[PDB]
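In what follows, a single structure is set out as structure tokens and then discussed.
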Number of protein chains: 2
Amino acid sequence: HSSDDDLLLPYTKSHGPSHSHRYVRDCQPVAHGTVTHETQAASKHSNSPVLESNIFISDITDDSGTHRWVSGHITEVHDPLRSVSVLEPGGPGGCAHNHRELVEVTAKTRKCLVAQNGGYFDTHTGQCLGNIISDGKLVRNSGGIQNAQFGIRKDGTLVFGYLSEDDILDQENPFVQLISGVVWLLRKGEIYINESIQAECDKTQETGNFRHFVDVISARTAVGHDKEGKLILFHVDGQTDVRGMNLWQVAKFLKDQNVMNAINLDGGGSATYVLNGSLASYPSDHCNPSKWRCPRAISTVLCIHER
Amino acid sequence: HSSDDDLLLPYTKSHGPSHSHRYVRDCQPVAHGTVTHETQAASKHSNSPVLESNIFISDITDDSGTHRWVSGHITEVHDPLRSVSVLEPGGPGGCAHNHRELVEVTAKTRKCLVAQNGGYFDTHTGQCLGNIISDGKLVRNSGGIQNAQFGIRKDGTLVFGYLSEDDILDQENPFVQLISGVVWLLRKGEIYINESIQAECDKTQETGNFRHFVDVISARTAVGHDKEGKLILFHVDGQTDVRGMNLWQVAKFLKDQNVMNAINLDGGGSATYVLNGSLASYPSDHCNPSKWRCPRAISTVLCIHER
Ligand SMILES: *[C@@H]1O[C@H](CO[C@@H]2O[C@@H](C)[C@@H](O)[C@@H](O)[C@@H]2O)[C@@H](O[C@@H]2O[C@H](CO)[C@@H](O[C@@H]3O[C@H](CO[C@H]4O[C@H](CO)[C@@H](O)[C@H](O)[C@@H]4O)[C@@H](O)[C@H](O[C@H]4O[C@H](CO)[C@@H](O)[C@H](O)[C@@H]4O)[C@@H]3O)[C@H](O)[C@H]2NC(C)=O)[C@H](O)[C@H]1NC(C)=O
Ligand SMILES: *[C@@H]1O[C@H](CO)[C@@H](O)[C@H](O)[C@H]1NC(C)=O
Ligand SMILES: *[C@@H]1O[C@H](CO)[C@@H](O)[C@H](O)[C@H]1NC(C)=O
Ligand SMILES: *[C@@H]1O[C@H](CO)[C@@H](O)[C@H](O)[C@H]1NC(C)=O
């Protein structure tokens, strides 16, 4: 569909770090003890609408003193357990076929009110990446790859952070939704990017390219939660090294929206915001072969649907 | 609905100029003869889709040498006669009730594939402005107010330019759609703003405010056609004196898109692009009372619907 020309790649070769969850615990800062994740009971506002979606057009400043206009959406979800779903591309079984699909197409399979692009994927093979649990079904076990995680448990517990392979296979209170990103933006209402860089990039990888992935501006998406337990979906349009935000700016932006924990999902040309099946953002990838903009065929999708 | 705080008003009092169509004809350049409008047989591609919608994100330069990013939509219509409709706000009878309504609401009354804000209106009273013909019904006769016009005739003829009161009341080949804007951007593939300034503003209006309305950057919408007879719908997001384009920039942009004739419709906080009933642009008005952005309650709507 698109030319795939706005690539925002955190890893030059193999996705994710090579070291184990135990290593993440050992390098993690003393302030957090030995637990490498955060939990929050999801809100249960059964008397509210499913969601509230807001458009922002904001003036962002960076350490250079430079000002930039940015535009995007913040989406608040009032009953995450009953309305949030991780979808495979195109429908159930998509990841098994290395299928890539537009967000709007995947979104129409479940009548999503708001849908955004989800996790990372191989742009050459279409292979899905990270851990994936869709509507209680386990879709992909990364094998303990230490990337920022977001999941919902059967009892409504929201989960953010780093999870071991055994964490996601637990049957006592099983995950019903699970998706992986890259970089833990906020932990306990504080910026956590430096810690993420140490945990999600290892000695055998070039930390420079990864730090550049963190520092460069581009289109970005993120998911988090607030003090009330509502789920926060973040999206900002951009183009790598031209428009949008870097992760430091996203973290500060969300921190000033009372977001307590959030992880960064796929961005660049993948960032998409679909409103009721209709593309409602400006993607960065050029079309094949025009200079028009085209949304990218991506992998998993974050869907917010009727309860 | 919105705070209505991004106002882009061409006239300080009343609306339109006071001089007659005869006066406009006499000032027109000899290169165009004595006819003050352009015609084009609408395309009849019954074997094509209804429309094609494209997103642009373009680098615009102004006489200051400064570069700015702009984003919006170009929409091509393949059977304008059977798929394009001028709608009253909220539905038939709206203009008589000084009703204002969101584009998405008015658009859902006719299952519009693409809908944009249409003509100008009084922001205090809700009064509709200009000539208005909706689905063959005459809605409002301005009385010969000389503003840029766009209309479709019963036999498919697309009409752009300045029309006398008798022109629109003709029954030989009656207008089935008609709407009024402000400023004729392109005539015969050439920029026509200078001529429009002479025709659509006279001494009884604040000429300063009008020239500022032309020169300032803001959100803008426009409608035009190409040699193939397709209808071209233009929209660019912005905010008066901060983001977007001025009419000089809109005109050049369309001229480089093989547009042959085009007029400027309502802009600023009114500029809206609704895709299949879903808001698919970033409006400029702030919400009441948050700092989020809200679409504006407007008057007439340009609707592209099933054949
Ligand atoms: C349509 O009308 C245009 C004028 O309309 C008004 O201005 C606009 C911007 C609105 O405000 C509108 O509401 C007004 O009614 C008219 O624009 C003019 O077009 C001519 C071309 O024929 C341009 O000529 C060049 O002028 C510059 C000077 O401009 C600079 O300095 C002045 C200082 O007074 C500033 O006001 C301007 O903003 C600029 O900063 C000359 O430097 C230039 O000559 C030099 O360059 C050429 C080649 O590069 C050489 O050959 C020369 O020897 C010189 O080296 C041109 O003479 C003029 O700038 C422009 N005016 C404005 C304000 O932009 C337009 O031409 C009309 N269209 C038609 C088809 O007639
Ligand atoms: C993160 O580390 C970088 C230098 O490596 C620098 O911005 C600062 O020391 C740290 N900032 C935060 C917010 O942790
Ligand atoms: C979503 O789109 C469908 C078809 O485009 C429409 O019928 C439905 O009303 C929309 N949903 C909402 C909540 O407006
Ligand atoms: C628009 O809605 C119609 C339903 O009438 C649907 O058939 C079509 O696929 C939709 N197109 C887009 C781009 O959403």
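Labels used: A, B, ... for chains in the order of the structure tokens, numbers from 1 for residues in each chain, and numbers from 1 for ligands as shown.
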
Just want the 7 Å neighbourhood of region 149-155 of chain A, counted on only C-alpha atoms, with same-chain residues fewer than 5 positions away dropped. Output as a ChimeraX atom specification.
/A:81,160-163,173-181

Write a file of the just-selected residues containing N, CA and C atoms, as a CSV table (one decimal), in the first residue's frame.
chain,number,residue,atom,x,y,z
A,81,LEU,N,-11.4,-3.0,30.6
A,81,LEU,CA,-11.5,-4.5,30.5
A,81,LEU,C,-12.5,-4.9,29.5
A,160,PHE,N,1.8,-2.6,33.3
A,160,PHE,CA,2.8,-1.9,32.5
A,160,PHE,C,4.2,-2.2,33.0
A,161,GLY,N,5.1,-2.4,32.1
A,161,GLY,CA,6.5,-2.6,32.4
A,161,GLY,C,7.1,-3.9,31.8
A,162,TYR,N,8.1,-4.5,32.5
A,162,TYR,CA,8.9,-5.6,32.0
A,162,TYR,C,8.4,-6.9,32.6
A,163,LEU,N,8.1,-7.9,31.8
A,163,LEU,CA,7.5,-9.1,32.2
A,163,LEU,C,8.4,-10.3,31.8
A,173,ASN,N,-4.4,-15.6,37.3
A,173,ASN,CA,-5.2,-14.4,36.9
A,173,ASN,C,-4.7,-14.1,35.5
A,174,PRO,N,-5.2,-14.8,34.5
A,174,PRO,CA,-4.5,-14.7,33.2
A,174,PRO,C,-4.7,-13.4,32.5
A,175,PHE,N,-3.7,-13.0,31.7
A,175,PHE,CA,-3.8,-11.9,30.8
A,175,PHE,C,-4.9,-12.2,29.7
A,176,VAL,N,-5.7,-11.2,29.5
A,176,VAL,CA,-6.7,-11.3,28.4
A,176,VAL,C,-6.3,-10.4,27.2
A,177,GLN,N,-5.5,-9.4,27.4
A,177,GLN,CA,-4.9,-8.6,26.4
A,177,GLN,C,-3.5,-8.4,26.7
A,178,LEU,N,-2.6,-8.5,25.7
A,178,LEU,CA,-1.2,-8.2,25.9
A,178,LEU,C,-0.6,-7.7,24.6
A,179,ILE,N,0.3,-6.7,24.7
A,179,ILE,CA,1.0,-6.2,23.5
A,179,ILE,C,2.3,-5.6,24.0
A,180,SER,N,3.3,-5.6,23.1
A,180,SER,CA,4.7,-5.1,23.4
A,180,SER,C,5.0,-3.9,22.6
A,181,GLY,N,5.7,-3.0,23.3
A,181,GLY,CA,6.2,-1.8,22.6
A,181,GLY,C,7.7,-1.7,22.7

Please identify every polymer residue within 8 Å of ligand 4, using only C-alpha atoms and all ligand atoms, and present the set as a list in words.
residues 104, 277, 278 and 279 of chain A; 111, 113, 275 and 276 of chain B

Site check for ligand 2: residues at most 7 Å away, only C-alpha atoms and all ligand atoms, as an MDAnalysis selection string:
chainID A and resid 191:194

For those residues, write C-alpha atoms to a file as a tab-separated table (two decimals), in the first residue's frame.
chain	number	residue	atom	x	y	z
A	191	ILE	CA	10.12	9.67	33.17
A	192	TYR	CA	11.75	6.26	32.77
A	193	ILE	CA	13.46	6.52	29.37
A	194	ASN	CA	17.02	6.20	30.68

In Å, with one decimal, what is the gap from atom 44 (O, counted along the ligand's line) of ligand 1 to CA of residue 65 (chain B)?
15.1 Å

Step by step, measure atom-to-atom distances between ligand 1 and each residue using only C-alpha atoms and all ligand atoms, keep those at most 12 Å, then write them as a PyMOL selection string.
chain B and resi 29+62-65+183+186-187+190-198+201+207-216+246-249

Could you save those same residues with C-alpha atoms as a CSV table (one decimal), in the first residue's frame?
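File written: result_0.csv
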chain,number,residue,atom,x,y,z
B,29,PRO,CA,-10.3,42.3,-18.2
B,62,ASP,CA,6.0,32.6,1.2
B,63,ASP,CA,7.4,35.9,-0.1
B,64,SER,CA,9.4,36.1,3.2
B,65,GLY,CA,11.4,33.0,2.2
B,183,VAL,CA,-12.7,35.3,-3.8
B,186,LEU,CA,-8.4,30.4,-10.4
B,187,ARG,CA,-9.9,31.5,-13.7
B,190,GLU,CA,-4.6,31.5,-13.9
B,191,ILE,CA,-4.6,33.2,-10.5
B,192,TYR,CA,-7.6,35.6,-10.3
B,193,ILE,CA,-7.2,37.0,-6.8
B,194,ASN,CA,-6.4,40.6,-7.9
B,195,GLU,CA,-9.6,40.7,-10.0
B,196,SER,CA,-11.6,39.2,-7.2
B,197,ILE,CA,-10.4,41.8,-4.8
B,198,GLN,CA,-11.8,44.5,-7.2
B,201,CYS,CA,-15.0,44.4,-2.2
B,207,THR,CA,-10.9,47.2,2.3
B,208,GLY,CA,-8.1,46.7,4.8
B,209,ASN,CA,-9.9,43.9,6.6
B,210,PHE,CA,-10.6,42.3,3.3
B,211,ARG,CA,-7.0,42.4,2.0
B,212,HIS,CA,-5.9,41.0,5.3
B,213,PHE,CA,-8.5,38.2,4.9
B,214,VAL,CA,-6.7,37.4,1.6
B,215,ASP,CA,-3.1,37.7,2.8
B,216,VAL,CA,-3.3,36.1,6.3
B,246,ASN,CA,-3.3,32.3,2.4
B,247,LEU,CA,-5.3,32.6,-0.7
B,248,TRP,CA,-2.3,33.3,-2.9
B,249,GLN,CA,-0.8,30.0,-1.6

Got a sec: who's within 7 Å of residue 59 (chain B), counting only C-alpha atoms, leaving out chain neighbours fewer than 6 positions off, as a ChimeraX atom specification?
/B:67-70

Write the residues of the preceding selection, restricted to C-alpha atoms, as an mmCIF file, in the first residue's frame.
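Okay, selection.cif is ready:
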data_model
loop_
_atom_site.group_PDB
_atom_site.id
_atom_site.type_symbol
_atom_site.label_atom_id
_atom_site.label_comp_id
_atom_site.auth_asym_id
_atom_site.auth_seq_id
_atom_site.Cartn_x
_atom_site.Cartn_y
_atom_site.Cartn_z
ATOM 1 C CA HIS B 67 8.987 27.492 4.926
ATOM 2 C CA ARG B 68 5.971 25.925 6.629
ATOM 3 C CA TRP B 69 4.404 22.480 6.712
ATOM 4 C CA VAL B 70 0.730 22.233 5.776
#

Region 97-102 of chain B: which residues within 6 Å, counting only C-alpha atoms, same-chain residues fewer than 5 positions away excluded, as an NGL selection string?
:B and (89-90 or 126-127 or 297-299)

Keeping only C-alpha atoms, write those residues as an mmCIF file, in the first residue's frame.
data_model
loop_
_atom_site.group_PDB
_atom_site.id
_atom_site.type_symbol
_atom_site.label_atom_id
_atom_site.label_comp_id
_atom_site.auth_asym_id
_atom_site.auth_seq_id
_atom_site.Cartn_x
_atom_site.Cartn_y
_atom_site.Cartn_z
ATOM 1 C CA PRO B 89 -27.451 22.838 8.163
ATOM 2 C CA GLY B 90 -29.120 19.913 9.899
ATOM 3 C CA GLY B 126 -26.717 31.948 12.291
ATOM 4 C CA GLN B 127 -28.040 33.537 9.092
ATOM 5 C CA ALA B 297 -21.173 24.455 14.133
ATOM 6 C CA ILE B 298 -21.497 25.810 10.596
ATOM 7 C CA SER B 299 -24.144 26.462 7.932
#

Can you tell me, as a PyMOL selection string, what residues are no more than 6 Å from residue 268 (chain A) when counting only C-alpha atoms, ignoring any on the same chain fewer than 5 positions away?
chain A and resi 6-8+218-219

Using only C-alpha atoms, find which residues of chain A lie within 8 Å of chain B and jot them down as JSON, numbers by chain.
{"A": [54, 55, 56, 57, 71, 275, 276, 278, 279, 280, 281, 282, 291, 292, 293, 294]}

I need the chosen residues saved as a short mmCIF file (atom, residue, chain, number, x, y, z; two decimals), in the first residue's frame, with N, CA, C and O atoms.
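Generated output (selection-v6.cif):
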data_model
loop_
_atom_site.label_atom_id
_atom_site.label_comp_id
_atom_site.auth_asym_id
_atom_site.auth_seq_id
_atom_site.Cartn_x
_atom_site.Cartn_y
_atom_site.Cartn_z
N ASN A 54 -10.14 13.37 22.23
CA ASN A 54 -9.84 14.79 22.14
C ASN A 54 -8.71 15.02 21.15
O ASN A 54 -7.77 14.22 21.06
N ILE A 55 -8.81 16.12 20.42
CA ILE A 55 -7.77 16.57 19.50
C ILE A 55 -6.95 17.64 20.19
O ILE A 55 -7.51 18.53 20.85
N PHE A 56 -5.64 17.56 20.05
CA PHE A 56 -4.76 18.62 20.53
C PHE A 56 -3.93 19.15 19.37
O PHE A 56 -3.58 18.42 18.44
N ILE A 57 -3.64 20.45 19.42
CA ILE A 57 -2.67 21.09 18.55
C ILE A 57 -1.83 21.95 19.48
O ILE A 57 -2.30 23.00 19.95
N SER A 71 0.20 17.90 16.41
CA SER A 71 -1.23 17.62 16.43
C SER A 71 -1.44 16.13 16.60
O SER A 71 -0.64 15.32 16.12
N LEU A 275 -11.00 6.64 13.39
CA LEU A 275 -12.19 7.01 14.15
C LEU A 275 -13.40 6.36 13.48
O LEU A 275 -13.85 6.81 12.43
N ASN A 276 -13.92 5.30 14.10
CA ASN A 276 -15.12 4.65 13.59
C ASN A 276 -14.91 4.09 12.19
O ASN A 276 -15.79 4.18 11.32
N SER A 278 -12.81 5.21 9.94
CA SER A 278 -12.34 6.22 9.01
C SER A 278 -10.99 6.75 9.46
O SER A 278 -10.84 7.15 10.62
N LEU A 279 -10.02 6.76 8.56
CA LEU A 279 -8.72 7.35 8.85
C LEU A 279 -8.91 8.81 9.25
O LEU A 279 -9.49 9.59 8.49
N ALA A 280 -8.41 9.17 10.43
CA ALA A 280 -8.62 10.50 10.98
C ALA A 280 -7.32 11.16 11.41
O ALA A 280 -7.30 11.99 12.32
N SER A 281 -6.21 10.80 10.77
CA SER A 281 -4.92 11.43 11.01
C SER A 281 -4.20 11.55 9.68
O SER A 281 -4.67 11.07 8.64
N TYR A 282 -3.03 12.19 9.70
CA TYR A 282 -2.23 12.40 8.50
C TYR A 282 -0.99 11.51 8.53
O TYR A 282 0.02 11.87 9.16
N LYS A 291 3.26 11.42 -4.49
CA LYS A 291 3.72 12.16 -3.33
C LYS A 291 2.57 12.43 -2.36
O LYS A 291 2.70 13.25 -1.45
N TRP A 292 1.44 11.75 -2.56
CA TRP A 292 0.38 11.77 -1.57
C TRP A 292 0.81 10.94 -0.37
O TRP A 292 1.75 10.14 -0.45
N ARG A 293 0.10 11.11 0.73
CA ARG A 293 0.38 10.35 1.93
C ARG A 293 -0.57 9.16 1.99
O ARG A 293 -1.74 9.27 1.61
N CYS A 294 -0.05 8.02 2.44
CA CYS A 294 -0.80 6.79 2.52
C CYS A 294 -0.61 6.18 3.90
O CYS A 294 0.52 6.18 4.42
#
